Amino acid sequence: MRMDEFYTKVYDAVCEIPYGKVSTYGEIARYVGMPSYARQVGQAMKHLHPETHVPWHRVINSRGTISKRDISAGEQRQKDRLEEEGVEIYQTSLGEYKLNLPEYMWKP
């Protein structure tokens, strides 16, 4: 399966995530038949263009947190986008932004 196919598949999936809901790299990976490629779902996201109709903000990690960026602290920009969709987000004891995954996670 071509990388550009994957990349397409992924975006297709993300866009299916309803307003106010969320998903995760892994789940998306599995959704589109590429279970081991969670990191690459990362990649996909990171490669979109800032002015995109894609709900990249609806995608977080397995642990229900928002993931630190080795480049570009717009993880802030991700929290904000969620709070508008109405999403209780708590900084963990450390400065991590967490949320009640079971409550928010989405499934077709």
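The numbering used is simple: start at 1 and walk along the sequence shown. Just so we're on the same page, rigid core means the largest C-alpha set that superposes within 1.5 Å between forms.
Between 63-71 and 34-42, greater CA displacement relative to the shown form is found for 63-71 when the structures in 8 other deposited structures of this protein are fitted on the core. For 72-80 versus 48-56, the mean Cα distance to the shown form in 8 other deposited structures of this protein after rigid core alignment is larger for 72-80. Stretches compared: 13-21, 88-96. Higher mean C-alpha B-factor in the entry: 88-96. The PDB entry records a higher mean C-alpha B factor for 77-85 than for its counterpart among 77-85 and 33-41. By the numbers in the PDB entry, the CA B factor is greatest at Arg69 among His57, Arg69, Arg63, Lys46.
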